[PDB]
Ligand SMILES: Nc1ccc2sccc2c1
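Form solved without this ligand, single chain, as structure tokens, below.
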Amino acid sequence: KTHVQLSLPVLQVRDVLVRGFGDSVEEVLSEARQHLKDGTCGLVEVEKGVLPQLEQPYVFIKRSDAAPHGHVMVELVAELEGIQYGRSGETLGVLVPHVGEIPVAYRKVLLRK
């Protein structure tokens, strides 16, 4: 399928144990996509002081359209030293590995895969 309905656990930035997906734009987009497929991906909501607490390159989910079955359509955009790889809508949050942190909420997304 071109899109997959996912429910992403929303994590508090101070709880996150693994603060990024790797060391290059291509690696973090690869790893984010694998963890999204494997159900091992968390979402951190972006606010003042969040991104400096996480590791670059960053992977964002961004709104790709204006929401089937409650699932917002999203795509992935990476960022390294202020340059973005991809073009999309509003940020819903930054993706991180989920290794068993307790979430505060779930974000229903339809991921363009």
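A residue's number is simply how far along the shown sequence it sits, counting from 1.
Where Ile83 is followed by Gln84 in the displayed chain, the model omits none of the deposited residues that would sit between the two. Per-stretch averaging of Cα B factors for 27 to 35 and 67 to 75 places 67 to 75 on top.
Per the PDB record, of the two stretches 86 to 94 and 15 to 23, 86 to 94 carries the greater mean B-factor over its C-alpha atoms. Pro57: CA B factor in the middle third of modelled residues in this chain (values from the PDB entry).
In the deposited entry, the Cα temperature factor of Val44 places it in the lowest third of its chain's modelled residues.
The discussion below concerns the form solved in complex with this ligand, not included here.
Of the residues given (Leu54, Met73, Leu36, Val44), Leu36 alone sits with a heavy atom within 4.5 Å of this ligand in the entry with it bound. Using a 4.5 Å cutoff between non-hydrogen atoms, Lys113 counts as a contact of this ligand in the entry with it bound.
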